[PDB]
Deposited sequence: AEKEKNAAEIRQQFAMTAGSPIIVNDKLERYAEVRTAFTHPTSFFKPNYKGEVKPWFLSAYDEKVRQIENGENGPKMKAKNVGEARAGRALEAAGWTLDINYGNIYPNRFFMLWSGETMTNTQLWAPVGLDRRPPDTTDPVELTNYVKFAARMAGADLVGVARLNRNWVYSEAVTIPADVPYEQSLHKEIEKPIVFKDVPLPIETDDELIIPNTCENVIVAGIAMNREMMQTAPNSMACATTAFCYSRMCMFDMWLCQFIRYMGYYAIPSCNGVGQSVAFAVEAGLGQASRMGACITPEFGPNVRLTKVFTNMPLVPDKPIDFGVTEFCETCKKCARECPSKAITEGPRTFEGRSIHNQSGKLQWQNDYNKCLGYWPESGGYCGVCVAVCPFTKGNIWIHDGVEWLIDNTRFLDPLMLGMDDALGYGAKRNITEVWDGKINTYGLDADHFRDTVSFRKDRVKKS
């Protein structure tokens, strides 16, 4: 805790920008953009990239493999890794929960079963009893830890990182047609009392002053098997942890008398929010590197008008370390990560130009996922900041939610470190 104190910077977003920067349309990510969406499977059939990746998972199971060229102990072990991966995603919609105000990501609590059951108490209808940002910051961070965050930070909302247009589906489209009917929808800020969705726009109130960012730690032993199946499993379980975090915390904020917008992988760019909220620093590979977990940590965030004290950004030397390290760039199976210096100009449509960062080719990264049948993660696994076969993982150390008691003390929290 006093380590993190040592590295607090003075207030101010540390992301350097120029006058070319514009908000970024979510459809441009490699996951969704038409130029990157379709990729061949191992048979040469072109399909949506995740369906070709499915074909590789099936082929690996039948051939008793945990990953590309990686023989499992037997077919049973191969099957178990994919079963664990698939199960981890149970509380996540279509890989990331990105559709705003759909399924688990509702922008109002009013229709949720938990809100209905609690309606006679009227917590969501009662004006706030606490408006002091200091007390609120302590309450909401305590709640965040109950809700499964291993790290939590607060920043003013920088609209530069909010997607200009979200990827979503029409509100009456049933789940079974969702993947075939994704659309783009603008996210705008207006003078309205509550977050609201019209036919035309997702409307965030101008009072939405703050963003709360959570880090959800992944399991080191499993991530070290990247690009094989157990790295996929710790990824997947943490997405469901993100979803529960967003819902738990939004409900807490609503029952305190404020509004709250969940996001998971939607709404805006998590790495930028996490850096501004002080969880860590941007890195060569492009992830937020944290002191506690390096880049081996997932991110989610919640937007709110609840008064809060912003945390300070931290500087523990990541930028200078990544300058000379280049280990992620040398081991990346697709050569997606640059060995060059940071610029303001993106490599392709998948990058947001106008901000100083290491510019990576994220279509090359995604191209390796159908090939390998997984979500790679080699850059995370080799990064020195992540530090301190698959049969040995299944036979080896585990604990609740994949957390490690050898390090869990480092995320203990008292009021002194919350506000």
item	value
Segments lacking C-alpha coordinates (deposited sequence numbering, starting at 1)	1 to 7, 396 to 430, 462 to 464
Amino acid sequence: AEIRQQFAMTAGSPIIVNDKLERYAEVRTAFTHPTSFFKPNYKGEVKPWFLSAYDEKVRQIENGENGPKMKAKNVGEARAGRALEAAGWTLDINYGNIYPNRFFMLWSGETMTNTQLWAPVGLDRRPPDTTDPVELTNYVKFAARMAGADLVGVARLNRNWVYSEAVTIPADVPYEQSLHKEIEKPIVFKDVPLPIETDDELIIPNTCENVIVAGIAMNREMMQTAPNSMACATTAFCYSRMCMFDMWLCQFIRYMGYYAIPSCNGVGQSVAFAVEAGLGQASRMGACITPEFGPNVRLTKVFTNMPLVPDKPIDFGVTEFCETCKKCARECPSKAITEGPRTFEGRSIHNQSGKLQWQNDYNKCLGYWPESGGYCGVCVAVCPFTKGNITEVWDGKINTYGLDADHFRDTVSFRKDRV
From here on, numbers count along this sequence of modelled residues.
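Each form is matched to the other, and the largest set of C-alpha atoms that superpose within 1.5 Å is called the rigid core.
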query: More shifted region, core-based fit in 4 other deposited structures of this protein, 350 to 358 vs 40 to 48 by CA; finding: 40 to 48
query: Between 152 to 160 and 86 to 94 (mean CA B-factor, as deposited), the higher; finding: 152 to 160
query: Residue range whose averaged C-alpha B-factor is higher in the record, 284 to 292 or 235 to 243; finding: 284 to 292
query: Top residue by Cα temperature factor, when 66, 359, 52, 32 are compared in the entry; finding: 359
query: Criterion, highest CA B-factor; candidates, 73, 254, 301, 141; finding: 73
query: Chain third (lowest, middle, highest) by recorded CA B-factor, residue given as residue 189; finding: highest
query: Modelled-residue ranking by C-alpha temperature factor, third containing residue 12; finding: highest
query: Assigned third (lowest, middle, highest) for the C-alpha B factor of residue 58; finding: middle
query: Position of residue 131 among the chain's modelled residues by C-alpha B-factor, lowest, middle or highest third; finding: highest
query: Within-chain third of residue 21 by Cα B-factor, per the entry; finding: highest
